[PDB]
>>> print(open('input02.txt').read())   # compact mmCIF, C-alpha atoms
# COMPACT_ATOMS: atom_id res chain seq x y z
CA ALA A 401 64.12 134.40 98.86
CA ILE A 402 61.79 131.72 100.28
CA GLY A 403 61.32 134.47 102.87
CA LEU A 404 61.02 137.99 101.52
CA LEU A 405 58.40 136.03 99.65
CA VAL A 406 56.76 134.90 102.85
CA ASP A 407 56.70 138.39 104.56
CA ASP A 408 54.92 139.83 101.50
CA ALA A 409 52.21 137.15 101.96
CA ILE A 410 52.04 137.00 105.80
CA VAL A 411 52.06 140.84 106.18
CA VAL A 412 48.65 141.01 104.30
CA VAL A 413 46.81 137.88 105.61
CA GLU A 414 47.55 138.96 109.21
CA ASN A 415 46.84 142.69 108.77
CA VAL A 416 43.11 142.03 108.00
CA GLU A 417 42.46 139.51 110.86
CA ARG A 418 44.24 142.15 112.98
CA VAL A 419 41.80 144.87 111.71
CA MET A 420 38.77 142.52 112.16
CA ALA A 421 39.61 141.81 115.85
CA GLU A 422 39.90 145.61 116.47
CA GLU A 423 37.28 147.24 114.18
CA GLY A 424 35.08 144.11 113.89
CA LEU A 425 34.21 144.59 110.20
CA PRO A 426 33.14 142.04 107.53
CA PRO A 427 36.20 140.16 106.01
CA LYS A 428 35.96 142.13 102.73
CA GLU A 429 35.67 145.72 104.07
CA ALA A 430 38.75 145.30 106.35
CA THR A 431 40.84 143.68 103.59
CA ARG A 432 40.52 147.08 101.89
CA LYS A 433 41.18 149.41 104.80
CA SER A 434 44.10 147.09 105.71
CA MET A 435 45.49 147.20 102.15
CA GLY A 436 44.85 150.97 102.27
CA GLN A 437 47.56 151.24 104.96
CA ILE A 438 49.94 148.93 103.05
CA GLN A 439 49.57 150.46 99.50
CA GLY A 440 52.67 152.70 99.17
CA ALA A 441 54.06 150.18 101.66
CA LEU A 442 54.85 147.60 99.05
CA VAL A 443 56.53 150.44 97.11
CA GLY A 444 59.82 150.89 99.07
CA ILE A 445 60.42 147.16 99.11
CA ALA A 446 59.57 146.90 95.48
CA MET A 447 61.93 149.82 95.13
CA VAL A 448 64.42 149.26 97.86
CA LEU A 449 64.27 145.49 97.43
CA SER A 450 65.78 146.10 93.98
CA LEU B 851 114.81 142.30 88.65
CA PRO B 852 117.47 142.68 85.88
CA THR B 853 116.60 145.48 83.45
CA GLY B 854 114.75 144.10 80.44
CA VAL B 855 112.60 141.81 82.58
CA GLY B 856 108.99 142.69 83.29
CA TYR B 857 105.78 141.23 84.50
CA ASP B 858 102.03 140.77 84.08
CA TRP B 859 99.09 139.50 86.19
CA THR B 860 97.05 136.88 84.35
CA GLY B 861 93.64 135.23 84.77
CA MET B 862 93.06 134.65 88.39
CA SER B 863 94.38 138.13 89.29
CA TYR B 864 94.04 140.11 86.06
CA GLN B 865 90.21 140.28 86.36
CA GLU B 866 88.74 142.30 84.65
CA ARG B 867 87.15 145.82 84.42
CA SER B 868 85.03 147.44 85.83
CA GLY B 869 84.32 146.50 88.62
CA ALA B 870 84.14 149.05 91.51
CA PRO B 871 82.77 148.68 95.12
CA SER B 872 80.88 152.04 94.84
CA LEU B 873 77.90 150.03 93.48
CA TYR B 874 76.66 149.64 97.05
CA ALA B 875 77.49 153.38 97.58
CA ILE B 876 75.01 154.28 94.75
CA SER B 877 72.53 151.64 96.01
CA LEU B 878 72.54 153.24 99.46
CA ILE B 879 72.31 156.74 97.82
CA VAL B 880 68.93 155.61 96.30
CA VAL B 881 67.33 153.64 99.19
CA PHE B 882 67.28 157.11 100.82
CA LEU B 883 65.52 158.38 97.72
CA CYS B 884 62.82 155.63 97.67
CA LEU B 885 61.83 156.15 101.30
CA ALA B 886 61.71 159.97 100.87
CA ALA B 887 58.58 159.01 98.82
CA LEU B 888 56.92 156.55 101.24
CA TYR B 889 57.54 158.77 104.26
CA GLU B 890 56.71 162.30 103.04
CA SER B 891 60.01 163.90 104.47
CA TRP B 892 63.76 163.86 103.68
CA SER B 893 64.64 163.72 107.40
CA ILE B 894 62.61 160.59 108.30
CA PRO B 895 64.14 157.71 106.17
CA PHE B 896 67.18 157.30 108.51
CA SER B 897 64.67 155.45 110.82
CA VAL B 898 64.82 152.32 108.60
CA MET B 899 68.41 152.86 107.40
CA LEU B 900 70.07 152.67 110.83
CA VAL B 901 68.64 149.10 111.06
CA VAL B 902 71.03 147.66 108.50
CA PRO B 903 73.89 146.61 110.90
CA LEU B 904 71.36 145.14 113.39
CA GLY B 905 71.31 142.16 111.12
CA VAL B 906 74.86 141.79 109.89
CA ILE B 907 76.40 141.64 113.44
CA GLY B 908 74.64 138.38 114.32
CA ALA B 909 75.31 136.91 110.85
CA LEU B 910 79.02 137.81 111.21
CA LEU B 911 79.03 136.31 114.75
CA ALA B 912 77.28 133.20 113.46
CA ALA B 913 79.94 132.77 110.74
CA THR B 914 82.86 133.59 113.04
CA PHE B 915 81.49 131.19 115.77
CA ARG B 916 81.02 128.37 113.18
CA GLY B 917 84.36 129.19 111.50
CA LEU B 918 83.18 129.82 107.93
CA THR B 919 84.24 132.82 105.84
CA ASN B 920 82.95 135.72 103.73
CA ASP B 921 81.85 133.78 100.60
CA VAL B 922 79.41 134.99 98.00
CA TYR B 923 76.94 132.58 99.68
CA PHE B 924 77.27 134.34 103.07
CA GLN B 925 77.35 137.69 101.16
CA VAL B 926 73.94 137.20 99.49
CA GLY B 927 72.54 135.75 102.74
CA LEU B 928 73.67 139.00 104.28
CA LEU B 929 71.78 141.03 101.69
CA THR B 930 68.56 139.05 102.35
CA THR B 931 68.92 139.86 106.05
CA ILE B 932 69.73 143.60 105.37
CA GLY B 933 66.40 143.79 103.47
CA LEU B 934 64.15 141.46 105.44
CA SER B 935 65.15 143.43 108.59
CA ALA B 936 64.61 146.76 106.79
CA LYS B 937 61.25 145.56 105.33
CA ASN B 938 59.90 144.88 108.82
CA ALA B 939 61.26 148.31 109.81
CA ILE B 940 59.51 149.83 106.82
CA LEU B 941 56.14 148.56 108.18
CA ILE B 942 56.77 149.76 111.76
CA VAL B 943 57.87 153.24 110.62
CA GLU B 944 54.97 153.33 108.08
CA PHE B 945 52.19 152.42 110.56
CA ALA B 946 53.63 154.86 113.07
CA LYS B 947 53.86 157.71 110.48
CA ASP B 948 50.21 157.12 109.50
CA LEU B 949 48.59 156.23 112.83
CA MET B 950 49.72 159.80 113.65
CA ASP B 951 48.76 161.68 110.43
CA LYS B 952 45.49 159.69 109.86
CA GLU B 953 44.55 159.44 113.54
CA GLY B 954 46.26 162.78 114.46
CA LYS B 955 47.99 161.69 117.64
CA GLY B 956 50.51 163.21 120.12
CA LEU B 957 54.28 163.36 119.64
CA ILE B 958 55.30 159.92 121.24
CA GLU B 959 51.74 158.46 120.75
CA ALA B 960 51.28 154.88 119.30
CA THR B 961 54.93 154.46 118.22
CA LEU B 962 54.17 151.83 120.86
CA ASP B 963 50.91 150.56 119.32
CA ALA B 964 52.80 150.60 115.97
CA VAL B 965 55.27 148.06 117.46
CA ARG B 966 52.26 146.29 119.12
CA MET B 967 50.31 145.83 115.83
CA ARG B 968 53.44 144.69 113.98
CA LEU B 969 54.93 142.42 116.67
CA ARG B 970 52.68 139.46 115.69
CA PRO B 971 53.68 139.37 111.96
CA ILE B 972 57.36 140.20 112.60
CA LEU B 973 57.57 137.26 115.06
CA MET B 974 55.88 134.48 113.04
CA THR B 975 57.67 135.50 109.77
CA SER B 976 61.10 135.14 111.38
CA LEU B 977 59.96 131.96 113.15
CA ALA B 978 58.99 130.34 109.86
CA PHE B 979 62.24 131.46 108.14
CA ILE B 980 64.69 130.31 110.85
CA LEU B 981 62.66 127.03 111.00
CA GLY B 982 62.61 126.46 107.17
CA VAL B 983 66.34 127.25 106.87
CA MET B 984 67.16 124.98 109.87
CA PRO B 985 68.30 121.71 108.22
CA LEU B 986 70.55 123.70 105.87
CA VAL B 987 72.62 124.96 108.85
CA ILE B 988 73.91 121.41 109.41
CA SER B 989 72.58 118.86 106.81
CA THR B 990 76.18 117.79 105.99
CA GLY B 991 76.07 115.34 103.05
CA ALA B 992 76.75 116.77 99.56
CA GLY B 993 76.91 120.54 99.45
CA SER B 994 77.84 119.99 103.11
CA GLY B 995 79.58 123.39 102.98
CA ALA B 996 77.55 124.91 100.12
CA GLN B 997 74.18 124.65 101.82
CA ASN B 998 75.82 125.17 105.26
CA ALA B 999 77.30 128.48 104.05
CA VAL B 1000 73.78 129.74 103.11
CA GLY B 1001 72.03 129.35 106.50
CA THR B 1002 74.65 130.50 109.01
CA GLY B 1003 74.48 134.11 107.63
CA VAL B 1004 70.66 134.02 107.91
CA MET B 1005 70.47 132.09 111.24
CA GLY B 1006 72.70 134.67 112.93
CA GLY B 1007 70.88 137.42 111.03
CA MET B 1008 67.12 136.94 111.63
CA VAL B 1009 68.17 136.18 115.24
CA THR B 1010 69.88 139.62 115.56
CA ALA B 1011 67.40 141.31 113.17
CA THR B 1012 64.12 140.82 115.00
CA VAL B 1013 65.50 140.64 118.55
CA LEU B 1014 66.92 144.14 118.03
CA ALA B 1015 64.35 145.50 115.51
CA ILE B 1016 61.59 145.52 118.15
CA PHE B 1017 63.73 147.75 120.39
CA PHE B 1018 66.12 149.92 118.37
CA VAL B 1019 63.64 150.84 115.56
CA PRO B 1020 61.27 153.00 117.68
CA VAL B 1021 64.43 154.44 119.30
CA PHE B 1022 65.54 155.35 115.74
CA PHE B 1023 62.04 156.71 115.01
CA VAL B 1024 61.55 159.00 118.00
CA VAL B 1025 65.22 160.12 118.21
CA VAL B 1026 65.20 161.27 114.59
CA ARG B 1027 61.59 162.45 114.23
CA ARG B 1028 62.09 164.93 117.12
CA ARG B 1029 65.68 165.98 116.01
CA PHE B 1030 63.96 167.66 113.05
CA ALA C 501 33.87 140.11 115.62
CA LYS C 502 35.32 143.12 117.55
CA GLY C 503 37.65 142.66 120.57
CA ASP C 504 38.19 138.90 120.07
CA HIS C 505 41.61 137.23 120.51
CA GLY C 506 40.34 133.78 121.80
CA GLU C 507 41.97 133.81 125.28
CA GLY C 508 41.26 130.14 126.17
CA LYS C 509 39.25 127.31 124.52
CA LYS C 510 39.06 123.48 123.77
CA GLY C 511 42.25 122.80 121.65
CA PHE C 512 45.90 123.44 122.72
CA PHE C 513 45.63 126.96 121.06
CA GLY C 514 43.60 128.12 124.13
CA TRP C 515 46.74 127.09 126.00
CA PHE C 516 48.75 129.14 123.40
CA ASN C 517 46.59 132.23 122.58
CA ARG C 518 46.45 133.18 126.24
CA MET C 519 50.26 132.37 126.31
CA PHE C 520 51.17 134.73 123.40
CA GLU C 521 48.57 137.29 124.59
CA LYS C 522 50.44 137.09 127.93
CA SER C 523 53.95 137.25 126.32
CA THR C 524 53.07 140.27 124.12
CA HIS C 525 52.05 142.42 127.08
CA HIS C 526 54.94 141.44 129.46
CA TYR C 527 57.25 142.79 126.69
CA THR C 528 54.89 145.33 125.00
CA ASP C 529 55.59 148.38 127.21
CA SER C 530 59.31 147.48 127.80
CA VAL C 531 60.01 150.13 125.15
CA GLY C 532 58.55 152.62 127.68
CA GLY C 533 61.53 152.94 130.04
CA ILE C 534 63.74 152.40 126.98
CA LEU C 535 62.38 155.33 124.90
CA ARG C 536 62.46 157.82 127.79
CA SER C 537 66.21 157.27 128.18
CA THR C 538 67.25 156.61 124.54
CA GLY C 539 70.96 157.36 125.25
CA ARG C 540 71.71 153.95 126.86
CA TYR C 541 70.66 152.32 123.57
CA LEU C 542 71.85 155.05 121.12
CA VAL C 543 75.49 154.30 122.22
CA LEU C 544 74.86 150.56 122.75
CA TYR C 545 74.40 151.06 118.98
CA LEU C 546 78.05 152.01 118.36
CA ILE C 547 79.14 148.92 120.38
CA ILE C 548 77.27 146.85 117.73
CA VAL C 549 77.92 149.26 114.76
CA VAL C 550 81.64 148.64 115.53
CA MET D 1 49.04 163.75 88.22
CA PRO D 2 50.52 167.27 88.71
CA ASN D 3 48.09 167.94 91.56
CA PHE D 4 49.21 164.60 93.10
CA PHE D 5 52.86 165.72 92.97
CA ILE D 6 51.83 169.12 94.42
CA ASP D 7 50.11 166.89 97.08
CA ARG D 8 53.41 165.00 97.64
CA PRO D 9 56.19 167.50 96.54
CA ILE D 10 58.90 165.20 97.88
CA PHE D 11 58.31 162.33 95.43
CA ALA D 12 58.84 165.13 92.88
CA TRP D 13 62.53 165.69 93.73
CA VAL D 14 63.10 161.87 94.13
CA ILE D 15 61.96 161.44 90.49
CA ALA D 16 63.89 164.38 89.14
CA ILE D 17 67.02 163.11 90.93
CA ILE D 18 66.33 159.39 90.44
CA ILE D 19 66.31 160.40 86.70
CA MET D 20 69.33 162.78 86.78
CA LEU D 21 71.15 160.18 88.86
CA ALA D 22 70.65 156.94 86.87
CA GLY D 23 70.69 159.06 83.70
CA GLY D 24 73.83 161.17 84.16
CA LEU D 25 75.30 157.87 85.37
CA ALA D 26 74.89 156.66 81.75
CA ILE D 27 77.19 159.53 80.65
CA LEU D 28 79.96 157.76 82.65
CA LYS D 29 79.47 154.58 80.57
CA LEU D 30 78.53 155.90 77.12
CA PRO D 31 80.52 155.56 73.92
CA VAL D 32 81.70 159.03 72.77
CA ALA D 33 82.32 159.49 69.04
CA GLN D 34 81.84 162.06 66.43
CA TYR D 35 79.07 161.15 63.94
CA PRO D 36 77.39 157.65 64.42
CA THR D 37 78.80 154.87 62.23
CA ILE D 38 77.27 155.70 58.84
CA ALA D 39 79.83 154.43 56.24
CA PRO D 40 79.31 150.96 54.81
CA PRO D 41 81.59 148.14 56.06
CA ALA D 42 84.43 147.13 53.85
CA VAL D 43 86.61 144.02 53.92
CA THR D 44 89.99 144.10 52.12
CA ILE D 45 92.02 141.04 50.99
CA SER D 46 95.78 141.81 50.50
CA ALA D 47 98.60 139.72 49.23
CA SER D 48 102.05 140.13 48.12
CA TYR D 49 103.90 138.42 45.27
CA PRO D 50 107.62 139.25 45.79
>>> encode(input="input02.txt", output="structure tokens")
Amino acid sequence: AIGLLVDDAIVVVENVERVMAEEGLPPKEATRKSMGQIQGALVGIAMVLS
Amino acid sequence: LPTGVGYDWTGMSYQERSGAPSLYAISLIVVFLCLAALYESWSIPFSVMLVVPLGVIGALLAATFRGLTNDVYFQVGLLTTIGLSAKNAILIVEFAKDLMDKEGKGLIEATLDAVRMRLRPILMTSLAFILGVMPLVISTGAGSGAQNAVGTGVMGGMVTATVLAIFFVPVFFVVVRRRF
Amino acid sequence: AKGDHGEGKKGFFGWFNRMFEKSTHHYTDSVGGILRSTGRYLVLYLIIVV
Amino acid sequence: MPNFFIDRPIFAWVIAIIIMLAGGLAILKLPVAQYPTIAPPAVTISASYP
């Protein structure tokens, strides 16, 4: 699991830098719209994972 | 044998009760159910499901090419690859089925830009993993099989997982999403 | 800030960021011809499913 | 809540079933008796002097 672990972490640190170099928002307001598209996301892993 | 003689299996053979392989058959009959939440419809979920072999094949090849068998150690290492692969697929199919209900886009639309957005994380995650698990696909001291049995089913996996996930997953998306 | 993906600069990541930003695109749209004719993957499937 | 499940009526059935499933599953693995064990435990010593 030194991986599923990593692609929970990497899939949220990327997905804001990726919103900031497309929308061009402040770090905070993107890490918010970003997490808004991966809410229910971490709910099929958390479910399917188990 | 002569009447009056009979037999019994003991210990390493008796085991145990109970014990059935339909565990995974009830697992797989609820990973449907979980996705039917995430992705609004009953018809969609198949998009991530169909992934699952694109993962095992490479891991099986990697074991068969190294000449190591179906352990528990390979067997768990399979299950990490069946989920890591299907996690990545969950993100692709999510972004797609959102950057067309939020944005409101055409029928094919950014199923492409879904795979575009996600290609950067999917690549560096699997790069890190295959790199971190490297020395434990050779290592060969103590646990020279134990540790070696762990990596080979991942090595072969995350190789087959990502290098097919990019391609087959939007096939699986568009095929199915049209079909109903 | 909007648009930015650092395509060239001082360190050996200018070398790289242009390199990955090249590699992405050369195999971004290669789904295109694939998705039009699904069939030649949809039964390449069964070759790997078996 | 109920408005949210009218908003997502699919989650609804995969909560009903996810219950019925991993509940009715319990009825495969549940002790069946008559009345629960109410009578107080009793140890008996026995011996025999021929």
>>> closest_atom_pairs(input="input02.txt", of="range 855-947 of chain B", to="range 988-1012 of chain B", cutoff="10 Å", atoms="only C-alpha atoms", output="CSV")
residue,atom,partner,partner_atom,distance
B:901,CA,B:1011,CA,8.2
B:902,CA,B:1011,CA,8.7
B:903,CA,B:1011,CA,8.7
B:904,CA,B:1011,CA,5.5
B:905,CA,B:1011,CA,4.5
B:906,CA,B:1007,CA,6.0
B:907,CA,B:1010,CA,7.1
B:908,CA,B:1006,CA,4.4
B:909,CA,B:1006,CA,4.0
B:910,CA,B:1003,CA,6.9
B:911,CA,B:1006,CA,6.8
B:912,CA,B:1006,CA,4.8
B:913,CA,B:1002,CA,6.0
B:914,CA,B:1002,CA,9.7
B:915,CA,B:1002,CA,9.6
B:916,CA,B:1002,CA,7.9
B:918,CA,B:999,CA,7.2
B:919,CA,B:999,CA,8.4
B:920,CA,B:999,CA,9.2
B:921,CA,B:999,CA,7.8
B:922,CA,B:999,CA,9.1
B:923,CA,B:1000,CA,5.5
B:924,CA,B:1003,CA,5.4
B:925,CA,B:1003,CA,7.9
B:926,CA,B:1000,CA,8.3
B:927,CA,B:1003,CA,5.5
B:928,CA,B:1003,CA,6.0
B:929,CA,B:1004,CA,9.4
B:930,CA,B:1004,CA,7.8
B:931,CA,B:1007,CA,5.9
B:932,CA,B:1011,CA,8.5
B:934,CA,B:1008,CA,8.2
B:935,CA,B:1011,CA,5.5
B:936,CA,B:1011,CA,8.8
B:938,CA,B:1012,CA,8.5
B:939,CA,B:1012,CA,9.6
>>> closest_residue(input="input02.txt", among="B:983, B:963, B:946, B:1027", to="chain C", atoms="all atoms listed in the file")
B:963
>>> axis_aligned_box(input="input02.txt", around="range 882-901 of chain B", padding_each_side="3 Å", output="AutoDock Vina command-line options")
--center_x 63.4 --center_y 156.5 --center_z 104.4 --size_x 19.4 --size_y 20.8 --size_z 19.4
>>> atom_distance(input="input02.txt", atom1="CA of residue 965 in chain B", atom2="CA of residue 950 in chain B")
13.5 Å
>>> closest_residue(input="input02.txt", among="B:961, B:897, B:976, B:891", to="chain D", atoms="only C-alpha atoms")
B:891
>>> closest_atom_pairs(input="input02.txt", of="chain B", to="chain D", cutoff="9 Å", atoms="only C-alpha atoms", output="tab-separated table")
residue	atom	partner	partner_atom	distance
B:880	CA	D:18	CA	7.4
B:883	CA	D:14	CA	5.6
B:884	CA	D:14	CA	7.2
B:886	CA	D:10	CA	6.6
B:887	CA	D:11	CA	4.8
B:888	CA	D:11	CA	8.3
B:890	CA	D:10	CA	6.3
B:891	CA	D:10	CA	6.8
B:892	CA	D:10	CA	7.7
>>> residues_near_point(input="input02.txt", point="(46.3, 146.4, 104.7)", cutoff="12 Å", atoms="only C-alpha atoms", output="PyMOL selection string")
(chain A and resi 408-420+427-442) or (chain B and resi 941+944-945+967-968)
>>> write_last_selection(input="input02.txt", atoms="C-alpha atoms", output="PDB file, keeping the file's coordinate frame")
ATOM      1  CA  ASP A 408      54.920 139.830 101.500  1.00  0.00           C
ATOM      2  CA  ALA A 409      52.210 137.150 101.960  1.00  0.00           C
ATOM      3  CA  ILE A 410      52.040 137.000 105.800  1.00  0.00           C
ATOM      4  CA  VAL A 411      52.060 140.840 106.180  1.00  0.00           C
ATOM      5  CA  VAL A 412      48.650 141.010 104.300  1.00  0.00           C
ATOM      6  CA  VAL A 413      46.810 137.880 105.610  1.00  0.00           C
ATOM      7  CA  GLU A 414      47.550 138.960 109.210  1.00  0.00           C
ATOM      8  CA  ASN A 415      46.840 142.690 108.770  1.00  0.00           C
ATOM      9  CA  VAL A 416      43.110 142.030 108.000  1.00  0.00           C
ATOM     10  CA  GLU A 417      42.460 139.510 110.860  1.00  0.00           C
ATOM     11  CA  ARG A 418      44.240 142.150 112.980  1.00  0.00           C
ATOM     12  CA  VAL A 419      41.800 144.870 111.710  1.00  0.00           C
ATOM     13  CA  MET A 420      38.770 142.520 112.160  1.00  0.00           C
ATOM     14  CA  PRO A 427      36.200 140.160 106.010  1.00  0.00           C
ATOM     15  CA  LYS A 428      35.960 142.130 102.730  1.00  0.00           C
ATOM     16  CA  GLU A 429      35.670 145.720 104.070  1.00  0.00           C
ATOM     17  CA  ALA A 430      38.750 145.300 106.350  1.00  0.00           C
ATOM     18  CA  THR A 431      40.840 143.680 103.590  1.00  0.00           C
ATOM     19  CA  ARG A 432      40.520 147.080 101.890  1.00  0.00           C
ATOM     20  CA  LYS A 433      41.180 149.410 104.800  1.00  0.00           C
ATOM     21  CA  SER A 434      44.100 147.090 105.710  1.00  0.00           C
ATOM     22  CA  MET A 435      45.490 147.200 102.150  1.00  0.00           C
ATOM     23  CA  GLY A 436      44.850 150.970 102.270  1.00  0.00           C
ATOM     24  CA  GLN A 437      47.560 151.240 104.960  1.00  0.00           C
ATOM     25  CA  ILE A 438      49.940 148.930 103.050  1.00  0.00           C
ATOM     26  CA  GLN A 439      49.570 150.460  99.500  1.00  0.00           C
ATOM     27  CA  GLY A 440      52.670 152.700  99.170  1.00  0.00           C
ATOM     28  CA  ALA A 441      54.060 150.180 101.660  1.00  0.00           C
ATOM     29  CA  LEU A 442      54.850 147.600  99.050  1.00  0.00           C
TER      30      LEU A 442
ATOM     31  CA  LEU B 941      56.140 148.560 108.180  1.00  0.00           C
ATOM     32  CA  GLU B 944      54.970 153.330 108.080  1.00  0.00           C
ATOM     33  CA  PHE B 945      52.190 152.420 110.560  1.00  0.00           C
ATOM     34  CA  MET B 967      50.310 145.830 115.830  1.00  0.00           C
ATOM     35  CA  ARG B 968      53.440 144.690 113.980  1.00  0.00           C
TER      36      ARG B 968
END
>>> interface_residues(input="input02.txt", of="chain C", to="chain B", cutoff="10 Å", atoms="only C-alpha atoms", output="PyMOL selection string")
chain C and resi 520+524-525+527-532+534-539+541-542+544-545+548-550
